[PDB]
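So here's one chain in two forms, each on its own in structure tokens, numbered structure 1 and structure 2.
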Structure 1
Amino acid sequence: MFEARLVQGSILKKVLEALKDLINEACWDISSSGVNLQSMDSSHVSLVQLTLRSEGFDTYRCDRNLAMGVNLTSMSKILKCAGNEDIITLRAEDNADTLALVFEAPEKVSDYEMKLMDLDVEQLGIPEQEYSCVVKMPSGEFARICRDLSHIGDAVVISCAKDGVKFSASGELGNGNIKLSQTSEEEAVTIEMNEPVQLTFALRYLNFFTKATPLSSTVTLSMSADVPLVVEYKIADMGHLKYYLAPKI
């Protein structure tokens, strides 16, 4: 039997609002380590990988590993019913077709029973890598940039070097160029660059990733030449949420 308790209800609320629009259905693998989820969007152009460490929960129990086929859109509606101060409890039975979420007002206790589903999932083997460039910057800055360049073009040419990073777009009105410089804690831009990289990515997908902004004050972009981009949001003392984006050409 599985039963995890999260005193910070918001974390799970935000995690779901950050995913629901990019991925509709996904498998939630529960194990003693914690909650894990890997899923590609419909077009397979992007991948998400969530990791909520058991140590991040006040209470966590998992007798047997569970793989629950979940409809993120339905779970999103259910979590919308929680308050940002509610203590969220997750409880599931080994032979169960449902997931039970319990919201405790910080004398109001809500209890939902979400129906699960069957899912013909496809997961990928992503080995540990060390990227040519790793930018750490404020998630707010990242979200503003992506959104702004959207009014200019469809793709963004991210150029990373040791001095700073540059995002550019081009369209039928002209072009745009946003240059960030390394800063001399949450308002800093640092670059662990080994080799310069310049990649082209679809802004449409990046603006989905940025919905994970409320999860962290900072975001880190890992770019290696000819590989998918990794935009990671560290959920404070829980784990993280990563979004991979297939490069163009």
Structure 2
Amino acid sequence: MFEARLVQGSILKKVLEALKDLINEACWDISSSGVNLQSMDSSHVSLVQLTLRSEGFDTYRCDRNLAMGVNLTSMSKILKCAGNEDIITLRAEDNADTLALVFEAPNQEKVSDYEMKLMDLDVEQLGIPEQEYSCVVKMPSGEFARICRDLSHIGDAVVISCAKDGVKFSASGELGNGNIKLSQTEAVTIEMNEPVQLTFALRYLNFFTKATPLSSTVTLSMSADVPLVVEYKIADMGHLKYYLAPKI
């Protein structure tokens, strides 16, 4: 008998806006500890992982663990019916076939309730390994978004080169090439053990940056021979992480 009330409901709005173009359908793993989503994107390239801890909700209750199969476009459409000031409650019965979503304001003059048909998805839980990241860059999320958008007018791929002093983003294509150098100082901070130079598809990074509204900061974690992790903190609640294998 799952139920979860989130006074800052706009977090859910932004979460769906940051998932709906990447994933068509995904399983929401609901448990005592919180809400978790894990899915490969629809092209089977990147893996997206969302954590929303029970403690970041204003009320939270989960009697039995649920795997809720959700069409993300549908859920996105329903969440567009919530205002940015709305208190949002999620509610599903045991062995649920629908998810209820209730939107309200403090003044209770407008109350909306939606019911979303769930899907049957017997998806398996993938193991996400832990890695030693020889290089971790924290920077303003908006500057990251800007760089990925700008450089995708030049080529399809971005070389990210990281050293103690600064981080460089480079691209090349038909028209020529470019590179963008950010020095360490919102700040740019680099925690690095060994320099890395890795190449990534801009198409996928430009999908990840739809998470920009969740945080003014993004963390890029990278190491040779493992996926890049692009991490947006969801304040006092958890995170959205995107994983992208370098181009080999």
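Under this definition, the rigid core comprises the largest set of C-alpha atoms superposing within 1.5 Å between the forms. Shifts are known only where both forms have a C-alpha. For residue numbers, the reference is structure 1: its sequence is counted from 1.
- Following superposition on the rigid core between structure 1 and structure 2, the residue from 113, 122, 97, 85 with a C-alpha displacement of 2 angstroms or more is 122, and no other.
- Relative to the superposed core, residue 43 moves its CA by 2.3 Å between structure 1 and structure 2.
- For residue 238, the CA shift between structure 1 and structure 2 after superposing the rigid core equals 1.0 Å.
- Residue ranges 120-124, 127-130 are the runs of 3 or more whose C-alphas all shift by 2 angstroms or more between structure 1 and structure 2 once the rigid core is superposed.
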